[PDB]
Amino acid sequence: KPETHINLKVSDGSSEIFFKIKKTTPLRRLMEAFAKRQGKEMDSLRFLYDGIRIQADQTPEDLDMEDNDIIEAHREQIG
Amino acid sequence: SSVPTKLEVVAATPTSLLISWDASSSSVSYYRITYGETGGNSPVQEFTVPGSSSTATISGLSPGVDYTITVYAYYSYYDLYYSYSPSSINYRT
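Top to bottom, those sequences are chains A and C.
So in the authors' numbering, the last one in the first sequence is 97, and the numbering has no gaps at all.
So in the authors' numbering, the last one in the second sequence is 94, and the numbering has no gaps at all.
In structure tokens form, the structure reads like this:
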């Protein structure tokens with residue numbers, strides 16, 4: 019029984035959230051879960067990984083993410 | 002304000018540790034338990050217990066070692082899980 023998910027961390031400096039996500043799951047769900055845990059909508063936040071602002075349809079696989087990678091979240095302009 | 006609450010070691014042998022926490026929540030998918038030697042980037046081991054569980058046994062420990070024990074509560078959202086504010090304690094075996 020593999021083991022389909024990787025670990026990701028999303029942080030904004032204060033709020034830090036740990037995710038277990040599939041390589042093939044769109045990051046929309048992670049971005050939505052993080053924003054909405056803030057009581058915000060996905061589109062009020064920007065998510066950064068490797069000099070790139072992540073878009074909702076991208077997967078960890080599209081971005082070559084690795085187990086234990088970190089996503090930076092910040093206020094204003096998504097998505 | 003850390004979840005689960007009331008994380009503790011309830012029974013301990015030099016190589017073994019029984020921990021419990023408050024599992025009042027009905028929506029928790031599972032608790033993830035990680036443990037390694039305090040400070041040291043010694044390999045952290047992990048296992049999970051379902052969200053209905055409130056105890057777990059950590060065995061295979063070496064005597065006189067300080068461990069950091071962390072418990073994450075994970076929740077489901079579509080096809081992922083996420084966790085915030087894990088609880089940790091230290092315990093010298």
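Note that beta-carbon positions come from the ideal geometry of N, C-alpha and C, so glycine has one too.
Check whether chain A comes within 8 Å of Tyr-36 of chain C, counting only Cβ atoms and requiring the distance to be less than that. no
Could you tell me which residues DSSP puts in a beta bridge with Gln-56 of chain A? Paired residues: none, contrary to the question.
So with CB distances below 8 Å, who are the chain A contacts of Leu-81 of chain C? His-23, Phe-37, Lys-38, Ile-39, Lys-40, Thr-43, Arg-47, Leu-48, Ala-51
Residue environment, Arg-33 of chain C, which counts as buried when at least 16 other CB atoms sit within 10 Å: buried
Could you work out which residue in C:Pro-51, C:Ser-28, C:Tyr-76, C:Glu-38 is closest to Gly-61 of chain C when comparing CA atoms only? C:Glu-38
What first and last residue would you give for the beta strand (DSSP E) that runs through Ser-88 of chain C? 88-93
In the stretch 25-95 of chain A, which residue ranges form an unbroken alpha helix (DSSP H) of at least 4 residues, counting only runs that do not cross its ends? 46-55
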